[PDB]
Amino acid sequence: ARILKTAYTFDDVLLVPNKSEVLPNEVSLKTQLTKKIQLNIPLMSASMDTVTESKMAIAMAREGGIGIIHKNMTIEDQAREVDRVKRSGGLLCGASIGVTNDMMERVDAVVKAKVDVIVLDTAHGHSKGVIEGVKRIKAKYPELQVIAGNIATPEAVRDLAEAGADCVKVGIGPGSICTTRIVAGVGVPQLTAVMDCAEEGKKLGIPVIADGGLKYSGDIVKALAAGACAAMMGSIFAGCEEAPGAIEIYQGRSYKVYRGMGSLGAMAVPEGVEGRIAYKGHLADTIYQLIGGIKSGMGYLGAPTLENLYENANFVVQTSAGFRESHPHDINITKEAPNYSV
């Protein structure tokens, strides 16, 4: 039983600027989610019953990303949801699958609805059940694109790619609503997890998704510079108008419900919590700020594409003092900024 190293999250690191011949308006955000699936922007919405149904997925895809329909619903309803996204323009769409008895039955129905990718998502992706589930899926549907998660190690990338996954999803414990690391003691701070896993995926030719723990646009730049093909978010999108759930008002402020899929409410021992986040308005305005920040970061790094970003990215580690310097400090902020908050 040994200590391997210090592992870092997004707030621990910064990207060093490079020489740049490209302006933020000239960079391309295109990325391959699998070898067969290109996104126009590297963003995905979490498959949670408070984040992504057909309305969110349609909106994500029109912006050039993708939404993964959650599976806290009957098989027929999830099929319906996928079908509505597919009929709204041949937009891309995903569907969540669990390691369950009816797993193949749920897969058959979202395939019938012509889902583009299934996400075999589970608390612990580096497990025999997930490995065998991927092998059953790829044996019946060899061309069906499969994302498997969640994981946090190069060995997990290796075993899941060996099983036939086309993409793997990284993140054990970083979610805003997640208590996995506290109740089970397990996880890897997300920037080191993505860096280590994406480096392994690149050697195998399998992309990785940086899933969870993202709070600012600059976090996504770091996830992409570390080598993730795409970034998945629940918190950043669950307050948008297109997220499921009504808008609630409490003492002058408008909120939407957001909860972990492993919380008591979502399941009705838990590994998530349930709560409220601020109402953000329409997805478009959030995406515009996220993409603007990504384009700026890429301008700072001289990267015209996502791959060039990864190839020339150098991180430095900052201390808690450096974190205090990186945020605004020693000012009473009195005007809303659209891409910042405390």
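Counting begins at 1, following the sequence as shown.
Undergrad: If I compare the deposited sequence with the modelled residues, how many are absent between residue 268 and residue 269: none, 1 to 3, 4 to 9, or 10 or more?
TA: Unresolved stretch here: 10 or more residues.
Undergrad: Averaging only over Cα atoms, indicate whether 212 to 220 or 116 to 124 has the higher B-factor in the PDB entry.
TA: Stretch with the greater average CA B-factor: 116 to 124.
Undergrad: So which stretch wins on mean C-alpha B-factor, 82 to 90 or 223 to 231?
TA: The stretch with the larger average C-alpha B-factor is 82 to 90.
Undergrad: From the list 188, 195, 247, 167, select the residue with the highest C-alpha B factor recorded in the entry.
TA: 247 has the highest C-alpha B-factor of those listed.
Undergrad: Identify, among 25, 9, 332, 18, the residue whose C-alpha carries the highest B-factor in the deposited PDB entry.
TA: Spelled out: the listed residue with the top C-alpha B-factor is 25.
Undergrad: Ranking the modelled residues of this chain by C-alpha B-factor as given in the entry, is residue 57 in the lowest, middle or highest third?
TA: It falls in the top third of the chain.
Undergrad: Within this chain's modelled residues, let me know which third the CA B factor of residue 171 belongs to: lowest, middle or highest.
TA: Lowest third of the chain for residue 171's C-alpha B-factor.
Undergrad: Taking only the Cα B-factors deposited for this chain, tell me whether residue 277 sits in the lowest, middle or highest third.
TA: It falls in the middle third of the chain.
Undergrad: When the modelled residues of the chain are sorted by Cα temperature factor, does residue 141 land in the lowest, middle or highest third?
TA: For residue 141, the deposited C-alpha B-factor lands in the highest third.
Undergrad: Using the B-factor values recorded in the entry, state whether the Cα atom of residue 181 falls in the lowest, middle or highest third among the modelled residues of its chain.
TA: Ranked within chain, residue 181 CA B lands in the lowest tercile.
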